[PDB]
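Here is the structure we will look at.
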Amino acid sequence: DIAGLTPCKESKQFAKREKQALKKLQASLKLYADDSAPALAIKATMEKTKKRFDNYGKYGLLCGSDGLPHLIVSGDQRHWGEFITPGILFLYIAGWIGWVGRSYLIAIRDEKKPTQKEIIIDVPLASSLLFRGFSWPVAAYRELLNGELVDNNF
Amino acid sequence: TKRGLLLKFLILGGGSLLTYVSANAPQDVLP
Amino acid sequence: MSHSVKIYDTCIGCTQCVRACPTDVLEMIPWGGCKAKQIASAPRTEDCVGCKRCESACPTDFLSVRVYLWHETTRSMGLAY
Amino acid sequence: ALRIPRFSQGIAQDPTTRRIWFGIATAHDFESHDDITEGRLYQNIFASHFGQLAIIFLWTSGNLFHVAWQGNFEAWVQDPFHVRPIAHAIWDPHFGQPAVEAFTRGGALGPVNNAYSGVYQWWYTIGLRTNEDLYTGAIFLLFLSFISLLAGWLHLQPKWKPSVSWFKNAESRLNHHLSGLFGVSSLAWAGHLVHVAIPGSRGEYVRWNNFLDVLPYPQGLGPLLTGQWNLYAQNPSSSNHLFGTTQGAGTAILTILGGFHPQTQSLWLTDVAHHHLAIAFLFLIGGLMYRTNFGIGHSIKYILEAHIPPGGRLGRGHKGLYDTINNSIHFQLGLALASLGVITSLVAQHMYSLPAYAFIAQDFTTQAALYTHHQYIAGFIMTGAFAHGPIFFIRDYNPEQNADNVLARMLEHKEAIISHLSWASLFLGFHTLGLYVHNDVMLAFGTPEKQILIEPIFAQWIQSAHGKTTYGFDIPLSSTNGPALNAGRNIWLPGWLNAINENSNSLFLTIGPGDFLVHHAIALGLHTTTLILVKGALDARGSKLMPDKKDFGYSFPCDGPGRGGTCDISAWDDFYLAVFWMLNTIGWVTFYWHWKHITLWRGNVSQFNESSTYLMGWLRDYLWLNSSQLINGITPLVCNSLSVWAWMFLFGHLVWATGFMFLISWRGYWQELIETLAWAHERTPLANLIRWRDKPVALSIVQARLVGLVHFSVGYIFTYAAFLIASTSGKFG
Amino acid sequence: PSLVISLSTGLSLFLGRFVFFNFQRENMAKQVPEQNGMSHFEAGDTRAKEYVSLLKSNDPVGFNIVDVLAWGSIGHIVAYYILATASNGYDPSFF
Amino acid sequence: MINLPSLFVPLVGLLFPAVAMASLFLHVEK
Ligand code: CLA
Ligand code: CLA
Ligand code: CLA
Ligand code: CLA
Ligand code: CLA
Ligand code: CLA
Ligand SMILES: CC1=C(C/C=C(\C)CCC[C@H](C)CCC[C@@H](C)CCCC(C)C)C(=O)c2ccccc2C1=O
Ligand code: SF4
Ligand code: SF4
């Protein structure tokens, strides 16, 4: 739709890629497996990159010249989840890496001599402060900016 | 052996005649 | 300066603290009250090279010295020969 | 054991060789070395760079002097078809008889090397033509470049004042400059192009004789003073032109009309002059802005002082930034550097897509070894800009005299500043490097698909709101019409800023996922390069590891072992460390143009397209493709076309590599075997008694961080110098 | 289309706001105060500035615009001449 | 006479250097 061309519903250049290139995968008139049970170009590796026919799903997917597909993601015509869908995903996963970073850490500096408890690991991964992340509804999006890590502690 | 102030003389003289005619030539035999 | 690198501290006590450093530092010059009462930062420094072996041990709590002398003899670098 | 070097003193009677080197590299450090006073210093930089301007004209003179008697000109002004101009005659007794082989270039006799500087299309592009009409150059410039020395002395002589306090005004000067200088320096240029040059361009000659008799028109300056200007711009030029010879010339100076031409690209005759004019009011209106005694205008404090925009009620001062930028002289030489640094590239990135010369790009070589000597430098500046603004903080600067005050707070709130800088890099790091190995793991692996490749949207975007009338596309309020401008149209944006896609020389090249990476990798450069310069600077003062890092700030390179272990932690050695990324940005950037251009000339562009989206290939086709020409140029089969270049190119690879010593050697090892190697002589006959006067030593512990560098650099910068040329010259492209 | 002399009219709006004071009080340059020779200490780093002196002719010589700018611009500059024209003079309406 | 403009590479690239490498051995002494 935008700068490159249209998706899969038509993309001539893209078509030629499907075909030569891969199918020369062929290129081995035979190469012996008339019945034989190992050498697996034959089945998939192609067909798994291949039965990926005039279908790949359908994805929209813009495809420029040479027909390699380009990613716009400006939230329009079709392309929205090529950054946001896998974007918030990156955010959510990280941040629940470091929400617990700021956790199997803020749980130690106390009691009796706590000077490298960390070269061994008290609860592995934290396996206690663990889910605090999925057990983040809202969470730091409020309690970070109000109290605890409070401007005081700033 | 009259060295009593010299060398400046032999570095214009000698060295303007290891280089004056030394580079010039009347009909190349080129680079 | 001509050798001027500050190793000074506040204790200037020198027991299990610091001694190391070719000639340069004939101190123990007790200033009228600083605990183990021996003080300052040097003696007559126009003698030897430019170490920072100077601290490495016994505090300077700030910097610690190094080369800064610029004006630099030869007896001040092994090699005037 | 004598006394020598006439300025310093510690250096003066140092028995080693340091005596020498360190002599020849403290010379220019006036502020604080024996011979100095704030009176001395200032003037001791003043008649210094009056020793400047002076050396710039012995350069330019000879530039116009190896040209006028040989080095084609009453040629190349007959029509400048892309075949090998000329600089000067190469003459080395080492040359073989293949003096005869190209190297010896067509028109002229003895061998030569042709103008890759632009001069040849601007000594020409402002008229300046005929080979009997031409042979001035030095003659003036030099009957100039000597005067350049005369003040030097005249203003060095006490009596007719060399001026001392008078050096810290501003207002008066810069109230003078950005009028007297620039403004009239324009204007007067606007003068020249117009009476003598525009006529020399479209129209005909001007004869050394007449200057009154020649009149762009029949009835003079006509109205003009009669506010009636307009009717300059009607039938000004044409297009069925034949550049230089009238006939479809027309004669009405000034325009914005017509535009591009297969016969010359380049800004139109006139426009570079109404402009030169046009701006020359603003600076003249600008000049006259501050005091200078009479009693109008402005005091340069009192509009800082409590000026401040978001200050007012946000507890954040502004005290005498004047008597610290003024009492600094380094703040000075570093707001000077940059501006120049930022604009040296604005010069050299606008100098393409808008070259203002008669035959240039459509030359495509001189055009590509001239964007870069303006990219090198420019980068090379910036650093030094950032490097005299971490000297201000140590030699000058004054915490008690600047505080609560916005130059502080900049210091005070600093730990953040490098972090929210370093966070940029580390992000801009692995994220560019995901996209480029991934892009290279996927090829090789057989799958050209799967390739990760983002279109540069916000790029092309800027341009479909310009002229990139590429294959339609609305945009909500724009469409390609309904609303166009309405408020604008047939005035202003005529044929100009309307090059569009123009696969040849469209100004704007049509950007894709190959450009959405380099463009994020030039971005990872000036960021990383500056986290180190910002940092380098933001504590030449000191820090935790070295708290009291001062009274000398800059180059104290090294400190004793212990503490954590302490090293290249002088603001110089971060400058030292900086110059590698200014030599890596100013490489990715230049690298980029060319590959692009190359391809965008005697051939394709698909090339950069699917083969810059990855990494291997940046090495293979470009780097590996397009060297060809040069290296089989020493060839086992005689010296062919180029030979200077490839030998330069390996001179390039050596000077480089031989940096490393200096760089992985560190004075300790070197000195010590010189301790054994100076037991020789002393202990060997036919070479005893024989005394040195300087004691054999190994290089200073800062010195070699330099010399490996100042070595790393030429090699490096002499390699691309020889590389691009040695390949943009056959080409193809 | 363009009022070209819309604005040259306009800019010597303002620099006649310059024909000012060569005339009216005392000498030149509010006499060189500080220019050559170098006011100590005060030229020192500094002075003067004054948010308080944007008056004086705000009102009077704000007419200066309409001078040349009227009857001597679009209305044919001084038609009332003659005053020695024979080595030539004229001078003649390009308008 | 015919073909002879070769002196401004030794006087410079060769002899001018002689001067200064000599001369400027004033840095050592004079
Ligand atoms: C738990 C983790 C933790 C957290 C919350 C942070 C947070 C931060 N780091 Mg950081 N960092 C970490 C570990 C962490 N780091 C480690 C281990 C290193 C290696 C020395 C670094 C090296 C580093 C540098 C050089 C920089 C930062 C910076 C930053 C700041 C910018 C975020 C960024 O872009 O860097 C992305 C994060 C990294 C590059 C860190 C990689 C290590 C992660 C993956 C730790 C993962 C958890 C770990 C396995 C702990 C074990 C779990 C335990 C509970 C069992 C941010 C405050 C930047 C800054 O100062 O600006 C404000 C600066 O650029 N970090
Ligand atoms: C370290 C580098 C250095 C070097 C070696 C060069 C070399 C060059 N530059 Mg350059 N440049 C540099 C730094 C450098 N530049 C920097 C830092 C900038 C940014 C400010 C530029 C911006 C720049 C531009 C914009 C251009 C060049 C161009 C050039 C080339 C033209 C030759 C020349 O400069 O003659 C120099 C000529 C003179 C010094 C004399 C002319 C000066 C005029 C303006 C003086 C007017 C004074 C006048 C008498 C006053 C009139 C008063 C009265 C009569 C009314 C040459 C290759 C040109 C080019 O592209 O070539 C194709 C041009 O495009 N440069
Ligand atoms: C336009 C210029 C500008 C000006 C007016 C100055 C002025 C000054 N700089 Mg400076 N500087 C600049 C740009 C400038 N700089 C830039 C762009 C950089 C880096 C990008 C620097 C980096 C720098 C450093 C590190 C220092 C200065 C210093 C100084 C001061 C002493 C000068 C000196 O040490 O030279 C004397 C040098 C020589 C006599 C020659 C030795 C130089 C070597 C390294 C050669 C350089 C490479 C060379 C071209 C390669 C050899 C040629 C080859 C073809 C054979 C003086 C105030 C010094 C200072 O006072 O700071 C505290 C010093 O610290 N500058
Ligand atoms: C190509 C080179 C190499 C690499 C990878 C780096 C990388 C880096 N340099 Mg660097 N540098 C280099 C050569 C290199 N340099 C050279 C030759 C010099 C001059 C001699 C410098 C001088 C220099 C300076 C002055 C600075 C840097 C800084 C940096 C960091 C800047 C942040 C960034 O760019 O993103 C982050 C890093 C990358 C994109 C590189 C990849 C790192 C990750 C991806 C490792 C991969 C993980 C891998 C799978 C696990 C393998 C390990 C093991 C388990 C097998 C970065 C780590 C700066 C800094 O400290 O920033 C805070 C700054 O201080 N460099
Ligand atoms: C390409 C390289 C560069 C060069 C030229 C050298 C040269 C040398 N290194 Mg070395 N080195 C380098 C890079 C270099 N290194 C790097 C990058 C590292 C580490 C990263 C090292 C680590 C290293 C170590 C540990 C040692 C050396 C040593 C040596 C010396 C060995 C003896 C010798 O054969 O020298 C003389 C021969 C040459 C330098 C090659 C010939 C040079 C040609 C171009 C001839 C030019 C001469 C001619 C008269 C030029 C005058 C013309 C005029 C215009 C000036 C030699 C000086 C060692 C040493 O000192 O032992 C004696 C010591 O072991 N190096
Ligand atoms: C055995 C090795 C040898 C060595 C040590 C070198 C060393 C060098 N070559 Mg070289 N070269 C060699 C063999 C070698 N070459 C061979 C066999 C050829 C084929 C004839 C070449 C052809 C060649 C060319 C054409 C050039 C060099 C250049 C260089 C210099 C680059 C300097 C630098 O520091 O990095 C600078 C390196 C880069 C900025 C990147 C180059 C690497 C390419 C493949 C990747 C492009 C970067 C990427 C797109 C952007 C970053 C992505 C990232 C952000 C993720 C360096 C001196 C260049 C030069 O003049 O230096 C200025 C010039 O480009 N070489
Ligand atoms: C080799 C080497 C030495 C030894 C010093 C040497 C080898 C000096 C040798 C002199 C060379 C042969 C001079 C040749 C240079 C010429 C171009 C002439 C210079 C002229 C100047 C005045 C510009 C060090 O002292 C050193 C110190 C710190 C880090 C690395 C190193 C290092 O790598
Ligand atoms: S031991 Fe170090 S006073 Fe103490 S720091 Fe000073 S020398 Fe003695
Ligand atoms: S630190 Fe300095 S003074 Fe002390 S021993 Fe070392 S060299 Fe001598």
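Labels for the structure tokens follow display order: chains A, B, ..., residues from 1 in each chain, ligands from 1.
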Collect all residues with atoms no farther than 9 Å from ligand 4, counting only C-alpha atoms and all ligand atoms, and output them as a PyMOL selection string. chain D and resi 418-419+421-434+524-525+527-533+574-581+663
Which chain A residues are at most 6 Å from chain D (counting only C-alpha atoms), as an MDAnalysis selection string? chainID A and resid 68 70:72
Export of the given selection (N, CA and C atoms) as a PDB file, in the first residue's frame:
```pdb
ATOM      1  N   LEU A  68      11.474  -8.304  -1.263  1.00  0.00           N
ATOM      2  CA  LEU A  68      11.710  -8.502   0.163  1.00  0.00           C
ATOM      3  C   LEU A  68      10.803  -7.503   0.889  1.00  0.00           C
ATOM      4  N   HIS A  70       8.908  -4.994   3.456  1.00  0.00           N
ATOM      5  CA  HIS A  70       9.344  -3.922   4.320  1.00  0.00           C
ATOM      6  C   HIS A  70       8.307  -3.697   5.387  1.00  0.00           C
ATOM      7  N   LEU A  71       8.770  -3.212   6.537  1.00  0.00           N
ATOM      8  CA  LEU A  71       7.905  -2.933   7.684  1.00  0.00           C
ATOM      9  C   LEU A  71       7.703  -1.433   7.887  1.00  0.00           C
ATOM     10  N   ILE A  72       6.461  -0.977   7.714  1.00  0.00           N
ATOM     11  CA  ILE A  72       6.097   0.421   7.923  1.00  0.00           C
ATOM     12  C   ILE A  72       5.810   0.604   9.398  1.00  0.00           C
TER      13      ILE A  72
END
```
May I have the residues within 8 Å of ligand 5, computed using only C-alpha atoms and all ligand atoms, as a PDB file with C-alpha atoms, in the first residue's frame?
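Written file, selection_7.pdb:
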```pdb
ATOM      1  CA  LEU D 654      51.377   0.919   6.988  1.00  0.00           C
ATOM      2  CA  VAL D 655      51.274   4.369   8.623  1.00  0.00           C
ATOM      3  CA  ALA D 657      49.284  -0.409  11.547  1.00  0.00           C
ATOM      4  CA  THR D 658      52.520   1.188  12.701  1.00  0.00           C
ATOM      5  CA  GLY D 659      50.298   3.326  14.911  1.00  0.00           C
ATOM      6  CA  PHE D 660      49.761   0.286  17.194  1.00  0.00           C
ATOM      7  CA  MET D 661      53.315   0.197  18.635  1.00  0.00           C
ATOM      8  CA  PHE D 662      52.591   3.520  20.127  1.00  0.00           C
ATOM      9  CA  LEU D 663      49.238   2.152  21.423  1.00  0.00           C
ATOM     10  CA  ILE D 664      50.201  -1.345  22.689  1.00  0.00           C
ATOM     11  CA  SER D 665      53.746  -0.577  23.784  1.00  0.00           C
ATOM     12  CA  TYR D 669      59.554  -1.824  27.632  1.00  0.00           C
ATOM     13  CA  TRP D 670      61.171   0.634  25.243  1.00  0.00           C
TER      14      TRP D 670
END
```
For ligand 8, list the contacting residues at 10 Å or closer, counting only C-alpha atoms and all ligand atoms, as a PyMOL selection string. chain C and resi 6-20+25+27-28+34+36-42+54-61+64
Prev. selection, N, CA, C and O atoms, output as a CSV table (one decimal), in the first residue's frame:
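Written out: out11.csv:
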```csv
chain,number,residue,atom,x,y,z
C,6,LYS,N,50.5,15.4,45.8
C,6,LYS,CA,50.1,15.3,47.2
C,6,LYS,C,49.5,14.0,47.6
C,6,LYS,O,48.6,13.4,47.0
C,7,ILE,N,50.2,13.4,48.6
C,7,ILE,CA,49.9,12.2,49.2
C,7,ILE,C,49.4,12.5,50.6
C,7,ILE,O,48.9,11.6,51.3
C,8,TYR,N,49.7,13.7,51.2
C,8,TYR,CA,49.2,14.0,52.5
C,8,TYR,C,47.9,13.2,52.8
C,8,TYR,O,47.2,12.7,51.9
C,9,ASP,N,47.6,13.2,54.1
C,9,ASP,CA,46.3,12.6,54.6
C,9,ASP,C,45.8,13.3,55.8
C,9,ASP,O,45.1,14.4,55.7
C,10,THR,N,46.1,12.8,57.0
C,10,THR,CA,45.6,13.4,58.2
C,10,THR,C,46.2,12.6,59.4
C,10,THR,O,46.4,13.2,60.5
C,11,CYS,N,46.6,11.4,59.2
C,11,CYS,CA,47.2,10.6,60.3
C,11,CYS,C,48.7,10.8,60.3
C,11,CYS,O,49.3,11.0,61.3
C,12,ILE,N,49.2,10.8,59.1
C,12,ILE,CA,50.7,10.7,58.8
C,12,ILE,C,51.5,9.8,59.8
C,12,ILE,O,52.7,9.9,59.9
C,13,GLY,N,50.7,9.0,60.5
C,13,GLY,CA,51.3,7.9,61.3
C,13,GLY,C,51.9,6.9,60.2
C,13,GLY,O,51.3,6.7,59.2
C,14,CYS,N,53.1,6.4,60.5
C,14,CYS,CA,53.8,5.5,59.6
C,14,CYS,C,54.1,4.1,60.2
C,14,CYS,O,55.3,3.6,60.0
C,15,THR,N,53.2,3.4,60.8
C,15,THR,CA,53.4,2.0,61.3
C,15,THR,C,52.3,1.1,60.7
C,15,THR,O,51.1,1.4,60.9
C,16,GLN,N,52.7,0.1,60.0
C,16,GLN,CA,51.9,-0.7,59.1
C,16,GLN,C,51.0,0.2,58.3
C,16,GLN,O,49.7,0.2,58.4
C,17,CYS,N,51.7,1.0,57.5
C,17,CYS,CA,51.0,2.1,56.7
C,17,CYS,C,51.8,2.4,55.4
C,17,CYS,O,51.4,2.0,54.3
C,18,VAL,N,53.0,3.1,55.5
C,18,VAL,CA,53.9,3.3,54.3
C,18,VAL,C,55.3,3.7,54.6
C,18,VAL,O,55.6,4.6,55.4
C,19,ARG,N,56.2,3.1,53.8
C,19,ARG,CA,57.7,3.4,53.9
C,19,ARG,C,58.3,3.4,52.5
C,19,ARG,O,59.0,4.3,52.2
C,20,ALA,N,57.9,2.4,51.7
C,20,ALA,CA,58.3,2.3,50.3
C,20,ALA,C,58.5,3.6,49.5
C,20,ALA,O,57.7,4.5,49.5
C,25,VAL,N,61.6,10.2,50.8
C,25,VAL,CA,60.7,10.6,51.9
C,25,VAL,C,61.3,10.3,53.3
C,25,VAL,O,60.8,9.4,54.0
C,27,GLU,N,60.6,11.6,56.3
C,27,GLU,CA,59.7,12.4,57.2
C,27,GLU,C,59.8,12.0,58.7
C,27,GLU,O,60.9,11.9,59.2
C,28,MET,N,58.7,11.7,59.3
C,28,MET,CA,58.6,11.7,60.8
C,28,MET,C,59.1,13.1,61.2
C,28,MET,O,60.3,13.3,61.5
C,34,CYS,N,49.0,15.5,66.0
C,34,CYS,CA,48.2,14.7,65.0
C,34,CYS,C,48.3,13.2,65.2
C,34,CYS,O,48.8,12.4,64.4
C,36,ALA,N,49.3,9.8,66.1
C,36,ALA,CA,50.6,9.1,66.2
C,36,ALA,C,51.7,10.2,66.0
C,36,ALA,O,52.9,9.9,65.7
C,37,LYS,N,51.3,11.5,66.1
C,37,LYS,CA,52.1,12.7,65.9
C,37,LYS,C,53.3,12.6,65.0
C,37,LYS,O,54.4,13.0,65.4
C,38,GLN,N,53.2,12.2,63.7
C,38,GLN,CA,54.2,12.5,62.7
C,38,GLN,C,53.4,12.9,61.4
C,38,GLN,O,52.4,12.2,61.1
C,39,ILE,N,53.9,13.9,60.7
C,39,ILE,CA,53.0,14.7,59.8
C,39,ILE,C,53.6,15.1,58.5
C,39,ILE,O,54.6,14.7,58.0
C,40,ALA,N,52.8,16.0,57.8
C,40,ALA,CA,53.1,16.7,56.5
C,40,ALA,C,53.0,15.7,55.3
C,40,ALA,O,52.2,14.8,55.3
C,41,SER,N,53.9,15.9,54.3
C,41,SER,CA,53.7,15.3,53.0
C,41,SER,C,55.0,14.8,52.4
C,41,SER,O,55.0,14.0,51.5
C,42,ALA,N,56.2,15.4,52.9
C,42,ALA,CA,57.5,15.1,52.3
C,42,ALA,C,58.7,15.6,53.2
C,42,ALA,O,58.4,16.3,54.2
C,54,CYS,N,54.4,5.9,46.4
C,54,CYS,CA,54.2,6.9,47.4
C,54,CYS,C,53.0,6.7,48.3
C,54,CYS,O,53.1,6.6,49.5
C,55,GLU,N,51.8,6.7,47.7
C,55,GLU,CA,50.7,6.1,48.3
C,55,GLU,C,50.9,4.6,48.0
C,55,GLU,O,51.7,3.9,48.6
C,56,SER,N,50.1,4.1,47.0
C,56,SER,CA,49.8,2.7,46.9
C,56,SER,C,49.4,2.1,48.2
C,56,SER,O,48.4,1.4,48.4
C,57,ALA,N,50.1,2.5,49.3
C,57,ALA,CA,49.9,2.2,50.7
C,57,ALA,C,49.9,3.5,51.6
C,57,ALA,O,50.5,4.5,51.2
C,58,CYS,N,49.3,3.4,52.7
C,58,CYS,CA,49.0,4.5,53.6
C,58,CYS,C,48.5,5.8,53.0
C,58,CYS,O,49.2,6.6,52.4
C,59,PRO,N,47.1,6.0,53.2
C,59,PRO,CA,46.2,7.1,52.7
C,59,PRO,C,46.8,8.5,52.3
C,59,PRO,O,47.9,8.9,52.7
C,60,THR,N,46.0,9.1,51.5
C,60,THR,CA,46.2,10.4,50.8
C,60,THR,C,44.8,11.0,50.6
C,60,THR,O,44.7,12.1,50.2
C,61,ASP,N,43.9,10.2,51.0
C,61,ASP,CA,42.4,10.4,51.0
C,61,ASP,C,42.0,11.7,50.3
C,61,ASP,O,41.6,12.7,50.9
C,64,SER,N,46.8,11.1,45.2
C,64,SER,CA,47.8,10.1,45.6
C,64,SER,C,49.2,10.2,44.9
C,64,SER,O,50.1,9.4,45.1
```
If the limit is 7 Å from any atom of ligand 1, counting only C-alpha atoms and all ligand atoms, which residues qualify? Return them as a PyMOL selection string. (chain A and resi 97-105+121+124-126) or (chain D and resi 419-420+422-423+426-427)
Cut-off 6 Å: closest chain D/ligand 2 atom pairs per residue, using only C-alpha atoms and all ligand atoms, as CSV:
```
residue,atom,partner,partner_atom_place_in_ligand_line,distance
D:60,CA,ligand 2,35 (O),5.7
D:117,CA,ligand 2,57 (C),4.7
D:118,CA,ligand 2,62 (C),2.9
D:119,CA,ligand 2,61 (O),5.2
D:185,CA,ligand 2,50 (C),4.9
D:188,CA,ligand 2,55 (C),4.4
D:340,CA,ligand 2,20 (C),5.7
D:344,CA,ligand 2,19 (C),4.0
D:347,CA,ligand 2,25 (C),5.2
D:377,CA,ligand 2,1 (C),5.9
```
Taking only C-alpha atoms and all ligand atoms into account, which residues are within 10 Å of ligand 7, as a PyMOL selection string? chain D and resi 17+20-21+23-25+658-674+696-708
Would you mind exporting the chosen residues as a compact mmCIF listing (two decimals), in the first residue's frame, restricted to C-alpha atoms?
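What landed in part-v6.txt:
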```
# COMPACT_ATOMS: atom_id res chain seq x y z
CA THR D 17 65.90 13.97 24.05
CA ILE D 20 63.59 18.22 21.68
CA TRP D 21 60.12 16.70 21.09
CA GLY D 23 60.07 21.66 22.71
CA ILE D 24 58.34 21.18 19.37
CA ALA D 25 54.86 20.90 20.91
CA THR D 658 52.52 1.19 12.70
CA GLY D 659 50.30 3.33 14.91
CA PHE D 660 49.76 0.29 17.19
CA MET D 661 53.31 0.20 18.64
CA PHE D 662 52.59 3.52 20.13
CA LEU D 663 49.24 2.15 21.42
CA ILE D 664 50.20 -1.35 22.69
CA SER D 665 53.75 -0.58 23.78
CA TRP D 666 53.80 1.89 26.69
CA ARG D 667 57.22 3.56 27.42
CA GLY D 668 58.37 0.93 30.03
CA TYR D 669 59.55 -1.82 27.63
CA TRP D 670 61.17 0.63 25.24
CA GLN D 671 63.24 2.62 27.70
CA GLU D 672 64.64 -0.52 29.31
CA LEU D 673 66.23 -2.16 26.28
CA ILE D 674 67.56 1.31 25.40
CA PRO D 696 68.78 8.36 24.77
CA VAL D 697 65.21 7.85 26.16
CA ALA D 698 61.81 6.34 25.33
CA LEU D 699 58.76 8.46 24.57
CA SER D 700 56.70 10.22 27.18
CA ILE D 701 53.75 8.49 28.68
CA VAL D 702 51.32 10.92 26.99
CA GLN D 703 53.36 11.56 23.81
CA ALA D 704 52.89 8.03 22.43
CA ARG D 705 49.12 8.00 22.92
CA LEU D 706 49.34 10.98 20.54
CA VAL D 707 51.96 9.71 18.01
CA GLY D 708 50.03 6.40 17.73
```
